[PDB]
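K.L.:
One structure, pasted below without further comment.
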Amino acid sequence: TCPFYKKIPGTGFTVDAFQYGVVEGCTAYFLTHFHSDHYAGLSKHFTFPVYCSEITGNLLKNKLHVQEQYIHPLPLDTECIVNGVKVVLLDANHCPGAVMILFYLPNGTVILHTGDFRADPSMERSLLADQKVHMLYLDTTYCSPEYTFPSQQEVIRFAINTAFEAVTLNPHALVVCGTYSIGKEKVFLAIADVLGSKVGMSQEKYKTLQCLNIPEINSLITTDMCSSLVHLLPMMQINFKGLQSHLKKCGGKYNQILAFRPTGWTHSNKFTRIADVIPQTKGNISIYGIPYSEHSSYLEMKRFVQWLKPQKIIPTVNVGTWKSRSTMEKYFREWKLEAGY
Ligand code: NI
């Protein structure tokens, strides 16, 4: 059944709750972003109102074929009324079109649901600065102190310099980047840009990117593989077998592959620095795992929460085990005692 952490008290609203059939009492289904664990269950057959960002609305229409009459896109940073309740969508700094949702309850309670986010100090100067938030439904993906990772900017710098050096040394080297969802487009666009190439991809992936309101996107991507030297492939295909295979497909236009697998966290983060990353190599194939995250580090999450000072925290990630729940609750208490709320 729909878990309690997907329901917004005192409303008929749910958040990211499309896989339980009809939720008894739900008058409006919010969708924070277009990632499959969150939209799971939507299709052209859905007949309830869906409230989301414009970009999430483009993907619902074009990729899932949800009918236009049930998609209700809202602008960001704008006070809007939904079934008698004031809401605001804020940028979540996750994947394109991802939002956090502020709910102003008729009784005076204010609730923030983060969806998936990567906390940033810039959020301390949004509409959130303007009033008190009583309850926080928090993306707790990396809520443990071992989870450190570099800034997105540092990681992109590393990938750009790596690619540029490799291809300038060998102009017959191919660059490949893995993907399985929207998010992390900066990785392959920044690389293609330093190389003066467009990025080449399947028709399905190109369609997906064309939904995202990226400026000058027609100048940066293409479905013609042969004219591009940065290829996107399914993350599954980023391994020696899948890459050798792929190299045969290019017909002797290339004799070397340099591949990037933009992972979440991986345990080499607890030892090694970004300047010190190395690839796995077999022959003329090298694979780099780079820690490009679209979720808060532990420290970034801690800062955000200690700034917001919520009265109650409801985790939405890692809630399935008593040991994770108990550990998260201990961090929340430490934070509260250190900061004095
Ligand atoms: Ni997500």
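Note on naming: chains are A, B, ... as they come in the structure tokens, residues start from 1 per chain, ligands start from 1 in the order shown.
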Taking 5 positions as the minimum chain separation for residues in the same chain, which residues sit within 8 Å of region 48-56 of chain A when counting only C-alpha atoms? Answer as a ChimeraX atom specification.
P.N.:
/A:27-34,70-76,89,96-99,211-213
K.L.:
Neighbours of ligand 1 within 7 Å, counting only C-alpha atoms and all ligand atoms, as a list in words?
P.N.:
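Written in the requested form, the residues are residues 33, 35, 94 and 116 of chain A.
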K.L.:
Determine, counting only C-alpha atoms, which protein, DNA and RNA residues have an atom within 9 Å of an atom of region 290-303 of chain A; residues of the same chain fewer than 4 positions away are not included. Present the result as a VMD selection string.
P.N.:
chain A and resid 93 to 95 116 to 121 139 to 152 155 to 156 158 to 159 183 to 184 187 260 to 266 269 274 277 307 to 308 331 to 332 335
K.L.:
Of the residues A:314, A:207, A:6, A:242, which is the one nearest to residue 64 (chain A), using only C-alpha atoms?
P.N.:
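Answer, going by the shortest atom-to-atom distance: A:207.
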K.L.:
Calculate how many Å separate CA of residue 19 (chain A) from CA of residue 4 (chain A), rounding to one decimal.
P.N.:
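CA of residue 4 (chain A) lies at a distance of 14.2 Å from CA of residue 19 (chain A).
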K.L.:
Could you list, as a ChimeraX atom specification, every residue within 7 Å of region 219-223 of chain A, counting only C-alpha atoms and ignoring same-chain residues fewer than 5 positions away?
P.N.:
/A:198-203,206
K.L.:
Any chance you could export the current selection's N, CA, C and O atoms as a CSV table (one decimal), in the first residue's frame?
P.N.:
chain,number,residue,atom,x,y,z
A,198,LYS,N,29.7,17.1,-32.0
A,198,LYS,CA,28.3,17.0,-31.4
A,198,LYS,C,28.4,15.6,-30.8
A,198,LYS,O,29.3,14.9,-31.0
A,199,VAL,N,27.3,15.4,-30.0
A,199,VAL,CA,27.3,14.1,-29.3
A,199,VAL,C,26.3,13.2,-30.1
A,199,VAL,O,25.2,13.7,-30.3
A,200,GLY,N,26.7,12.0,-30.4
A,200,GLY,CA,25.9,11.1,-31.1
A,200,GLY,C,25.2,10.0,-30.3
A,200,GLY,O,25.9,9.4,-29.5
A,201,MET,N,23.9,9.8,-30.6
A,201,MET,CA,23.1,8.9,-29.8
A,201,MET,C,22.0,8.3,-30.6
A,201,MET,O,21.7,8.7,-31.7
A,202,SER,N,21.4,7.3,-30.0
A,202,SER,CA,20.2,6.7,-30.6
A,202,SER,C,19.0,7.6,-30.8
A,202,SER,O,19.0,8.7,-30.2
A,203,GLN,N,18.1,7.3,-31.7
A,203,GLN,CA,16.9,8.1,-31.8
A,203,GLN,C,16.1,8.3,-30.5
A,203,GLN,O,15.6,9.4,-30.2
A,206,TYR,N,18.0,10.8,-28.2
A,206,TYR,CA,17.8,12.1,-28.8
A,206,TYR,C,16.5,12.8,-28.6
A,206,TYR,O,16.3,14.0,-28.2
K.L.:
What residues in region 15-163 of chain A get the DSSP label alpha helix (DSSP H)? Please answer as a list in words.
P.N.:
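Matching residues for alpha helix (DSSP H) in region 15-163 of chain A are residues 36, 37, 38, 39, 54, 55, 56, 57, 58, 59, 60, 61, 62, 152, 153, 154, 155, 156, 157, 158, 159, 160, 161, 162 and 163 of chain A.
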K.L.:
Do a neighbour search on residue 194 (chain A) at 8 Å with only C-alpha atoms, toss out local chain neighbours closer than 4 positions, and write the hits as a PDB file with C-alpha atoms, in the first residue's frame.
P.N.:
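Now in out-v4.pdb:
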ATOM      1  CA  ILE A 160      37.300  17.686 -20.054  1.00  0.00           C
ATOM      2  CA  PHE A 164      41.071  16.585 -24.624  1.00  0.00           C
ATOM      3  CA  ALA A 190      31.236  19.482 -21.764  1.00  0.00           C
TER       4      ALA A 190
END
K.L.:
How many Å separate CA of residue 313 (chain A) from CA of residue 136 (chain A)?
P.N.:
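Between CA of residue 313 (chain A) and CA of residue 136 (chain A) the gap is 4.9 Å.
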K.L.:
For the structure I just gave you, how does DSSP split region 260-326 of chain A - specifically, which residues are strand (DSSP E or B)? Reply as a ChimeraX atom specification.
P.N.:
/A:260-262,280-282,285-290,312-315
K.L.:
Identify which of the residues A:157, A:79, A:339, A:110 lies closest to residue 304 (chain A), counting only C-alpha atoms when measuring atom-to-atom distances.
P.N.:
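Of A:157, A:79, A:339, A:110, the one nearest residue 304 (chain A) is A:339, counting only C-alpha atoms.
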K.L.:
Hey, which of A:179, A:44, A:254, A:86 ends up closest to residue 67 (chain A)? Count only C-alpha atoms.
P.N.:
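Once distances to residue 67 (chain A) are computed over only C-alpha atoms, the minimum belongs to A:44.
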K.L.:
Do a neighbour search on residue 280 (chain A) at 10 Å with only C-alpha atoms, toss out local chain neighbours closer than 2 positions, and write the hits as a compact mmCIF listing (two decimals) with C-alpha atoms, in the first residue's frame.
P.N.:
# COMPACT_ATOMS: atom_id res chain seq x y z
CA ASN A 239 32.42 -2.60 -20.27
CA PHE A 240 35.23 -4.24 -22.29
CA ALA A 259 34.95 5.64 -21.82
CA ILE A 278 42.78 5.98 -12.80
CA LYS A 282 42.31 -3.76 -21.53
CA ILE A 285 40.05 0.37 -24.29
CA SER A 286 40.08 2.51 -21.06
CA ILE A 287 37.10 3.08 -18.69
CA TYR A 288 36.97 5.87 -16.13
CA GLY A 289 34.45 5.72 -13.25
K.L.:
With a distance cut-off of 6 Å and only C-alpha atoms, select the neighbouring residues of region 166-174 of chain A, excluding the residue or stretch itself and same-chain residues fewer than 2 positions from it, and output the selection as a compact mmCIF listing (two decimals) with N, CA, C and O atoms, in the first residue's frame.
P.N.:
# COMPACT_ATOMS: atom_id res chain seq x y z
N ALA A 163 39.81 13.92 -21.63
CA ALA A 163 39.36 13.67 -22.98
C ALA A 163 40.19 14.45 -24.01
O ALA A 163 40.59 13.90 -25.06
N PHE A 164 40.41 15.72 -23.71
CA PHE A 164 41.07 16.58 -24.62
C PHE A 164 42.54 16.06 -24.87
O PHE A 164 43.00 15.95 -26.01
N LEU A 229 32.45 12.22 -32.73
CA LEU A 229 33.47 11.43 -31.97
C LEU A 229 33.26 11.28 -30.44
O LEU A 229 34.18 10.76 -29.74
N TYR A 254 38.19 4.36 -35.92
CA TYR A 254 38.82 4.53 -34.62
C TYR A 254 39.55 3.27 -34.19
O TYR A 254 39.09 2.17 -34.46
N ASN A 255 40.64 3.46 -33.45
CA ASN A 255 41.51 2.38 -32.95
C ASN A 255 41.72 2.40 -31.42
O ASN A 255 42.59 1.69 -30.91
N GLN A 256 40.93 3.21 -30.69
CA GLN A 256 41.11 3.41 -29.24
C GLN A 256 39.77 3.94 -28.73
O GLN A 256 39.13 4.71 -29.42
N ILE A 257 39.34 3.47 -27.56
CA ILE A 257 38.18 4.05 -26.85
C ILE A 257 38.59 4.52 -25.46
O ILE A 257 39.27 3.81 -24.70
K.L.:
Suppose you want the space between CA of residue 310 (chain A) and CA of residue 325 (chain A); what is it in Å?
P.N.:
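Between CA of residue 310 (chain A) and CA of residue 325 (chain A) the gap works out to 18.0 Å.
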K.L.:
Under the rule that only C-alpha atoms are counted, which of A:196, A:340, A:178, A:9 is the nearest residue to residue 232 (chain A)?
P.N.:
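Once distances to residue 232 (chain A) are computed over only C-alpha atoms, the minimum belongs to A:178.
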K.L.:
Rank nothing, just name the residue among A:210, A:321, A:181, A:237 nearest to residue 36 (chain A), using only C-alpha atoms.
P.N.:
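Among A:210, A:321, A:181, A:237, it is A:181 that comes nearest to residue 36 (chain A).
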